[PDB]
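Numbered from 1 within each chain, the chains take letters A, B, ... in sequence-line order. Worth knowing before you read on, the calculation uses all heavy atoms, side chains too, and leaves out hydrogens, waters and symmetry mates.
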Amino acid sequence: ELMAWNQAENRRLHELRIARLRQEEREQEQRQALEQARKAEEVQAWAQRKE
Amino acid sequence: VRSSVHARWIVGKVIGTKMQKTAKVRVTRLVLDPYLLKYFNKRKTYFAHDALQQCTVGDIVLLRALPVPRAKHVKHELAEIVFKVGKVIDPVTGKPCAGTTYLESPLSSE
Amino acid sequence: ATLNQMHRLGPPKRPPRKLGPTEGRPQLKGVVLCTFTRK
Amino acid sequence: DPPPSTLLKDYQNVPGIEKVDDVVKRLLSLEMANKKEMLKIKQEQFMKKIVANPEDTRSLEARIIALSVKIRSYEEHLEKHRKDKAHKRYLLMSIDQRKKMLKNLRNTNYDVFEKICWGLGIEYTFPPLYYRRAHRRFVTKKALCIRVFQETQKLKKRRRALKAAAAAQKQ
Amino acid sequence: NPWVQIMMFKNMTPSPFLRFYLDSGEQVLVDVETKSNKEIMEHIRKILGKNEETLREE
Amino acid sequence: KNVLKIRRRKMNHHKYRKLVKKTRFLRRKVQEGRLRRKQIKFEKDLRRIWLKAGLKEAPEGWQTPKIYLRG
RNA sequence: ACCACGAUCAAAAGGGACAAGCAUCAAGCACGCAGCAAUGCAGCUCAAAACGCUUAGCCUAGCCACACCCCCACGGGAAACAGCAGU
Ligand SMILES: NC(=O)c1ccc[n+]([C@@H]2O[C@H](COP(=O)([O-])OP(=O)(O)OC[C@H]3O[C@@H](n4cnc5c(N)ncnc54)[C@H](O)[C@@H]3O)[C@@H](O)[C@H]2O)c1
Ligand SMILES: [K+]
Ligand SMILES: [Mg+2]
Ligand SMILES: [Mg+2]
Ligand SMILES: [Mg+2]
Ligand SMILES: [Mg+2]
Ligand SMILES: [Mg+2]
Ligand SMILES: [Mg+2]
Ligand SMILES: [Mg+2]
Ligand SMILES: [Mg+2]
């Protein structure tokens with residue numbers, strides 16, 4: 001009974017983990033979008049200076 | 001279930017694979033310093049039978065006691081490789097990881 | 001010293017106790033060889 | 001080493017670099033640059049050959065590749081400057097720092113550790129367990145103790161045949 | 001529990017967890033991420049600790 | 001500060017260098033004899049090994065080198 | 001009593017544990033593993049103190065060791081109070 005309760009406690013914590021990881025991807029994508037924009041301008045500027 | 005070997009289950013780090021079908025495993029236990037009352041690691045070496053020679057130096061293994069020792073110093077057999085060196089699978093998620101970072105996201109398989 | 005250092009060295013070891021002229025004994029028997037005075 | 005005609009890492013992706021005068025291509029090649037520019041091309045070659053993301057310069061893989069290029073440059077320097085103690089120190093320190101990186105990469109990502117060793121030609125070695133001078137007395141005795149063992153093994157085999165032969169005669 | 005082997009492992013996985021090895025061969029995985037140290041102690045007491053009755057008897 | 005502790009060490013080292021100078025020929029004869037015994041003590045240690053292993057003579061082709069001579 | 005297909009007590013054997021000082025005792029020198037065997041591999045211990053020297057009966061409801069000496073005791077040296085009283 002205690003081993004089964006422990007497996008159920010792990011599954012509950014796992015559902016919270018999946019919810020926490022989904023909220024972190026949305027934030028990671030936003031940051032990753034800006035860095036690519038900034039990084040693209042810095043490349044275009046660096047490319048124009050070299051050209 | 002009975003065995004003449006004192007240590008029935010022990011976890012340790014593989015530190016040698018130069019013996020045929022035998023892994024040399026460093027097992028650490030916490031021992032209380034009576035004067036300082038602080039716990040310090042005390043390490044002991046155990047030889048473990050590795051029939052398939054699957055043990056790599058540095059991986060964490062679980063050793064099970066044999067019913068009777070099979071050699072002068074071989075009193076245990078490899079029961080399970082807990083943490084393969086550099087190829088750890090996170091038990092909490094089942095996904096491969098490299099240190100504290102996931103190699104496959106737990107969100108891949110939902 | 002650090003706790004790790006105190007652990008490694010362990011309890012302080014006393015120097016072994018030196019035996020005096022009686023060799024750790026209350027009295028000794030002797031045979032007189034010569035008598036004289038000292039300054 | 002990359003060919004001297006190789007363009008600099010900065011000018012390789014500018015549009016129209018293939019239609020400029022030959023003189024302009026020489027001035028933007030490795031031939032007209034210092035050795036540090038040739039090392040940037042080598043590092044980029046290894047990064048694309050080995051690492052999964054060639055633009056991740058902070059990964060443990062990229063650091064090992066960057067440091068491996070420096071190590072090769074020091075070895076080339078010391079091949080011509082054999083009394084340069086300053087650079088001999090930098091080489092030995094760099095080799096030690098790479099070994100520490102490889103140890104940490106082996107412990108965290110073995111599949112990547114193997115590709116780094118194959119790609120860079122590194123033979124990973126485990127450190128010796130004890131650090132102590134092997135002086136003349138020990139070197140000589142260890143050699144004698146190995147010879148004594150080898151001779152004892154031969155004698156123990158010639159005491160198996162004689163016993164085997166005598167046993168057969170009884171029959 | 002002086003006869004229970006306790007071994008620690010740093011930064012091998014992305015989240016912290018406890019794992020118990022029992023004499024039968026069963027393994028008990030306890031996820032401890034997000035839990036306080038007091039909650040971890042109460043959890044392992046519940047699933048693998050002797051109750052107050054068993055200790056009073058001894 | 002004062003240099004009295006340095007001065008004690010200075011005099012000790014001076015008298016030692018002076019003693020070594022006066023007796024450098026006796027000390028050289030003593031050092032030679034010690035190295036001979038050191039070589040003999042080393043040779044015995046190797047002979048003990050093969051004798052305790054069951055061999056009656058040194059391993060074939062083995063000659064114990066002189067590891068303490070200036071050469 | 002007799003057997004308990006047991007209980008109690010407790011050897012041999014296997015596993016674990018177990019004094020102090022000296023590292024100016026730092027290397028030990030066969031100290032490992034596999035295999036039914038043949039035989040094969042070259043390993044095993046060690047500064048987290050191996051190997052070694054020295055000191056000491058111990059963890060005292062008591063325990064260990066010894067029992068003239070040669071660790072032992074066929075044998076030998078030799079002729080035994082470290083049982084009590086006694087010299
Ligand atoms: N002696 C070794 O080969 C060795 C091996 C692993 C770890 N260590 C560690 O080194 C430290 C020094 O140990 P000690 O006080 O017994 O030795 P020490 O300083 O008395 O030196 C004795 C021997 O160990 C070597 N040594 C000294 N310092 C060392 C170090 N930091 N790492 C490796 N070897 C070293 C010396 O060269 C010599 O051969 C300790 O922390 C020990 O755990 C030593
Ligand atoms: K005796
Ligand atoms: Mg003086
Ligand atoms: Mg017994
Ligand atoms: Mg030291
Ligand atoms: Mg001395
Ligand atoms: Mg005594
Ligand atoms: Mg006797
Ligand atoms: Mg007597
Ligand atoms: Mg009496």
Show your working on side chain to side chain donor-acceptor pair (under 3.5 Å) between B/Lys84 and B/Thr56 and close with a plain yes or no. CA-CA 8 Å; B/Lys84 191 74 196 179; B/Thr56 297; 3.1 Å; yes

Measuring from the side chain of B/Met19 (C-beta onward, heavy atoms only), which nucleotide among G/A48, G/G14, G/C33 has the closest atom? G/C33

Return the value, rounded to whole Å, for the distance between atom CZ of B/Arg8 and atom P of G/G15. 17 Å

G/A49 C1' sits how many Å from D/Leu129 CG, rounded? 15 Å

Tell me if G/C68 and its neighbour G/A67 stack, counting it only when ring centres are under 5.5 Å and the plane angle is under 30°. no

Using the P atom on both, measure G/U39 against G/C64 and round to a whole Å. 47 Å

From the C1'-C2'-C3'-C4' angle alone, say whether G/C70 leans north (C3'-endo side) or south (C2'-endo side). north

Minimum heavy-atom distance between B/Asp90 and B/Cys97, given as atom pair plus value: N-SG, 4.4 Å

N or O in side chain of B/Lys72 less than 4.0 angstrom from G/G14 OP1/OP2: no

Across all strands shown, which nucleotide pairs with G/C5 by Watson-Crick or G-U wobble geometry, both distances under 3.5 Å? none

Nearest to side-chain heavy atoms of B/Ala71, which nucleotide of G/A34, G/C31, G/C29: G/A34

For the side chain of D/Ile146, starting at C-beta, report the closest nucleotide among G/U45, G/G15, G/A30. G/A30

Is it the case that the side chain of B/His76 and the backbone of B/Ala7 share a donor-acceptor pair, with hydrogens and angles ignored and the cut-off at 3.5 Å? yes

Just grab all the side chain to side chain donor-acceptor pair (under 3.5 Å) pairs involving residues 40-66 of chain F, residues at least two apart or on different chains. D/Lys141-F/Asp45, F/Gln39-F/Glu43, F/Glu43-F/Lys66, F/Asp45-F/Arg48, F/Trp62-F/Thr64

Does B/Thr22 or B/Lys18 map to a spot on RNA chain G nearer the 5' end, using the closest nucleotide for each? B/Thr22

I'd like to know if B/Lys24 reaches the base of G/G43 with its side chain such that a donor and an acceptor end up less than 3.5 angstrom apart. no

Measure from the side-chain heavy atoms of D/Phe138 and tell me the nearest of G/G32, G/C29, G/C41. G/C29

Span that lies between the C1' atom of G/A42 and that of G/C58, in whole angstrom: 43 Å

Has D/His135 got a side-chain N or O lying under 4.0 Å from the OP1 or OP2 atom of G/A27? yes

Check the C1'-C2'-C3'-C4' sign on G/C29 and let me know if the sugar comes out north or south. south

Is it true that atom CD of D/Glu123 has more than 12 heavy atoms of other residues, nucleotides or ligands lying nearer than 6.0 Å? no

Just name whichever nucleotide pairs with G/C68, Watson-Crick or G-U, keeping both distances under 3.5 Å, else none. G/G77

Does G/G86 have a Watson-Crick or wobble mate here (both distances under 3.5 Å), and if so which one? none

Is G/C71 stacked onto G/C70, using centres under 5.5 Å and an interplanar angle under 30°? no

Flag as yes if D/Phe149 stacks onto the base of G/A30 (centroids under 5.5 Å, planes under 30°), otherwise no. yes

Could you give the distance separating G/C69 and G/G83 at their P atoms, to the nearest angstrom? 12 Å

To the nearest Å, how far apart are B/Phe47 CZ and G/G15 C1'? 16 Å

Would you say D/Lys156 places a side-chain N or O within less than 4.0 Å of OP1 or OP2 belonging to G/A30? no

Counting only side-chain N and O atoms of D/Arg160, is one of them less than 4.0 Å from OP1 or OP2 of G/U39? yes

Atom P, compared across G/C59 and G/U24: separation rounded to whole Å: 29 Å

Look at the side chain of D/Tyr130 and decide which nucleotide, out of G/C46, G/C29, G/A27, has an atom nearest to it. G/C46

Starting from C1' on G/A47, measure out to CZ on C/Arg8 and report it in whole angstrom. 7 Å

Within the structure, does a side-chain N or O atom of D/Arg147 lie under 4.0 Å from either OP1 or OP2 of G/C29? no

Of the listed G/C33, G/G14, G/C29, the closest approach to the B/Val74 side chain comes from G/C33

Would G/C72 and G/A73 count as a stacked step, six-ring centres under 5.5 angstrom and planes under 30 degrees apart? no

Separation of the P atoms in G/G14 and G/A4, to the nearest angstrom: 29 Å

Please report, rounded to the nearest Å, how far the P atom of G/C41 is from the CD atom of D/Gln153. 11 Å

Closest nucleotide among G/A48, G/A27, G/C33 to the B/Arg43 side chain: G/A48

Please determine whether G/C22 and G/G52 constitute a Watson-Crick or G-U wobble pair, defined by two donor-acceptor distances each under 3.5 Å. yes

Can you tell me how the ring of D/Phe138 sits relative to the ring of D/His135, calling it parallel under 30°, perpendicular over 60° and tilted otherwise? perpendicular

Hey, does the base of G/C58 sit stacked on G/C59, as in ring centres below 5.5 Å and plane angle below 30°? no

When both distances are under 3.5 Å in a Watson-Crick or G-U wobble arrangement, the nucleotide paired with G/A11 is none

Distance between P atoms of G/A73 and G/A65 (Å, rounded): 14 Å

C1' gap between G/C46 and G/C71, integer Å: 29 Å

Could you work out which one of G/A48, G/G32, G/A47 sits closest to the side chain of B/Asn41? G/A48

Classify the side chain of D/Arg132 and the base of G/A47 as holding, or not holding, a donor-acceptor pair under 3.5 Å. yes

Residues that E/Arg45 engages under salt bridge (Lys or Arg N to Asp or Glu O under 4.0 Å), provided they are two or more places apart: E/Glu52

Around atom OH of F/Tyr16, are there more than 12 heavy atoms of other residues, nucleotides or ligands at under 6.0 Å? no

Check the phosphate of G/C29 against D/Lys141, side-chain N and O only, distance under 4.0 Å to OP1 or OP2. Yes or no? yes

For G/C58, the Watson-Crick or wobble partner whose two distances fall under 3.5 Å: G/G62

Take D/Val148 and B/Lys42, find for each the nucleotide of RNA chain G with the closest heavy atom, and name the residue whose nucleotide sits nearer the 5' end. B/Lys42

Heavy-atom count around E/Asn1 CG within 6.0 Å, excluding the residue itself: above 12? no

From CG of F/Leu46 over to P of G/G28, roughly how many Å is that when rounded to an integer? 10 Å

Separation of atom NZ in C/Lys13 from atom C1' in G/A23, rounded to whole Å: 10 Å

Could you identify the nucleotide paired to G/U45, looking across every strand shown and requiring Watson-Crick or G-U wobble geometry with both distances under 3.5 Å? G/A27

Where the side chain of D/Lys157 is concerned, which of G/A27, G/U39, G/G40 is the nearest nucleotide? G/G40

Verify the contact: side-chain N or O of B/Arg70 to OP1 or OP2 of G/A34, cut-off strictly under 4.0 Å; return yes or no. yes

Nearest-Å distance, CD (D/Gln150) to P (G/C41)? 13 Å

